[PDB]
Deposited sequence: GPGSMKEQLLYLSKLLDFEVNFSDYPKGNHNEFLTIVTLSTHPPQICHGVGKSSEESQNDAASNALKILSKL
C-alpha cells in the first residue's frame, strides 16, 4: 500500500520499467523508463524511507505531465 507499491502498480499497469538504486541519510535514485524518462530521488533515515520518498517524488512528477 506504500508509495513504492503505488509506483510499481503504476509501472506494471502502464508498462514502464522502474529501477531503484540505493546509496548509503540514505539516498535513493529511481529511474523510470517513461516518455520522456524520469530520474527522481528521495532521501530518508533508512533505505525503505528513502525509496518511498523517491517513489513519491516520481508519482508527483508523473501526475504533473
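S.K.: Compare what was deposited with what's modelled and send me the C-alpha-less stretches, numbered from 1.
M.R.: Residues lacking C-alpha coordinates: 1-2, 27-31.
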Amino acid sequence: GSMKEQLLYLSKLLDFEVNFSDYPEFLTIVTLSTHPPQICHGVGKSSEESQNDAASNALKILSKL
From here on, numbers count along this sequence of modelled residues.
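S.K.: Mean C-alpha B factor from the entry: is it higher for 40-48 or for 53-61?
M.R.: The stretch with the larger average C-alpha B-factor is 40-48.
S.K.: Using the B-factors in the PDB entry, rank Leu27's C-alpha atom against the chain and give the third, lowest, middle or highest.
M.R.: Its C-alpha B-factor belongs to the highest third of this chain's values.
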